[PDB]
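Same chain, two versions here, written out as structure tokens and called structure 1 and structure 2.
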Structure 1
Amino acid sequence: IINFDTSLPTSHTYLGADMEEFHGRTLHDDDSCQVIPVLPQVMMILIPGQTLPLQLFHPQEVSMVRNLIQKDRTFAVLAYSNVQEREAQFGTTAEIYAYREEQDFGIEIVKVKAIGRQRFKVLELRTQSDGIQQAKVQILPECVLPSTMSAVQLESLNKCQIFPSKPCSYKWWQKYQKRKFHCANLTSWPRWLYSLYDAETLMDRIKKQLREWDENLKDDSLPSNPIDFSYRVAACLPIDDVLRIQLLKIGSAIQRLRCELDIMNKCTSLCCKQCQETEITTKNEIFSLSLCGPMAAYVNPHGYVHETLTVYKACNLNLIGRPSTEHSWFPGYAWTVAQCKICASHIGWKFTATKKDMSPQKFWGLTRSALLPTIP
């Protein structure tokens, strides 16, 4: 990547001029029952730690958000098992960190940037007179587990539990496993099995696999903490809604990291969800043009949100229309609509550089909704 600031995509500059920023400490108690407003148009499955960009034009939505800015600034994003029937049993809370309202020309527009915070289960869903939906919600706790050996560790061996910091050498990981899981001899299972349930080892395996697909991730872009790392990878994985909802249901970082590793090993190809007879791209093509990762939520001019995955090369797509820089999510690039050759479905857009110096000159933005993960 040359002449492209990978921090621009996360800024959402297309939303407009500098937006007022709010620092929020609102977190509901674990297992608490709370009533949270739901925006009707939003249909995405939000993952904790994932930024959601929203543009609201309907008076009822604008008033609810303006009222929301005062108070918690928290709204509920529902993971819909059935989009047509509006059926959702699980969801993620979203907290607004950036807000701007435009009244120019007498047209009232609210633009907001929000971050996913807490997972929840839908106890009840009710529709108010304004048309806004209020959801009865039960907060789902983030399960943090102690080390497996903490229950069985010898007190004499407790002194050796902390170990000298690694210079990810293979020799160091063998030493880590032997020292960390030595008390496994007291149990019915081997040390290597405990490593399969160890967060640090699992994150290292995900980082190594990601580095192979994206050598450009030379820096430690991923978060050090297991919970943040698990949420970051889950948001960026190009997977179908049912798999994403199952990942959202997981309450343990260890389980989430294991599910992500299994998906990364199992899935190699991405295809059109409609026809399913077109291979749009491969894992090697996937790359992160944003600090956040390969895939992020972006909002269109009509307020619709698309999770767009950045790939160097896409195939079996037809380009319709002329390149436009208008409302471009990636600044310095023009977008042209891309349709599947067989079924004409809108998979995404091809982004072309407006300047010769910029690298990459061309890249493809693919919507997760239009893509199905395929296992060879």
Structure 2
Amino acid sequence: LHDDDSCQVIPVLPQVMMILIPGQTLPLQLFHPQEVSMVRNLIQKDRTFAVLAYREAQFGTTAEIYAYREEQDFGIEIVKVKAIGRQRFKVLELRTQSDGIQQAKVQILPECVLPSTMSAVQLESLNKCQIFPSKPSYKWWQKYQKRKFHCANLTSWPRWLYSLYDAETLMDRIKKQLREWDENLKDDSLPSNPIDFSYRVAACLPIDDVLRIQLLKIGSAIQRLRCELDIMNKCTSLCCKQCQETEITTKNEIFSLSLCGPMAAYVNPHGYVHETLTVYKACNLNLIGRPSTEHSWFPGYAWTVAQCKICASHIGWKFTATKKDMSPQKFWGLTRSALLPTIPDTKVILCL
């Protein structure tokens, strides 16, 4: 754990093209000796390398290695490694060294911890009533807003405005729609810390890369929550990233076949990771070939390559059932790097 605003020279994997959220898992599979030996030396040190944010990178996140496996198959030493994002940063200098790896002089960004809005206006006679009995309803929230924000009569703004900037209220509003995408998770699963909660939803939403960078560069966690909730309410249609305007699927089609949410990271037979979003119905997709069960990420289902009808780029795979006693008998698995969250027309702009 580095100090805030401090500087570190952290190595970079030259074949890691990805926006890494703090707390998000990064799966790696290295063949080359310079990449392999670099992983081993981090294990006997800090396990911390840099995942840069794009080939000109301006920000990024440090990754800590928490898993390591070795396979010596077919005369080639396979090294698979799982990492987890940790600290955000801004790049100061990138310097390529002897082998393919490179060093990065880096300044650590601090996680902006802001107090409550009423931390400055609350009267001390009512300080004793700031702790409320925990939540056992939608009338409990009408009391939480009244009680927590009573001192708004001392400012120029009502209570219902401070709720839109209240961290605890925004997480619950995001929790509501997140549960519509997954019949499990429950009130737990997601962290209670707003900073940790914002970084989980940042890695959970099916958003493109330039939208993931904006969530990284958003300073406060309260702003990161409002922008995240803004994406879920406005960007209801997912279009093909290539041709921009071909609508593949909408927000109401998302569901969770795997218990790990409606969007888990899966690995293909050659090391490529695919943040696959499972939806019920899809549009403007051409099926390539016949179904196949080989290396299927969902046992009992057969995958078929699905491509965009207009631009002929890869969008995902259609999964059909190989058994009758399975529901759904059909669903679509759309990879993230192929979609583009779109605000359907009636100028709507994402708000912080």
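Residues are numbered by position in structure 1's sequence, first residue being 1. Definition used throughout: the rigid core is the maximal C-alpha set that superposes within 1.5 Å between two forms.
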Position with Cα shift of 2 Å or more, rigid core superposed between the two structures, options 263, 139, 149, 297: 297
Residue 41: Cα shift of 2 Å or greater between the two structures (core-aligned): no
C-alpha of residue 275 moved at least 2 Å between the two structures on rigid core: yes
Core-superposed comparison between the two structures, residue 218 Cα displacement 2 Å or beyond: yes
Inter-form CA displacement between the two structures at residue 114 - rigid core frame, Å: 0.4
Cα shift between the two structures at residue 192, which is computed once both forms share a superposed rigid core (Å): 1.3
Per-residue C-alpha deviation between the two structures [residue 359; rigid core superposition; Å]: 4.8
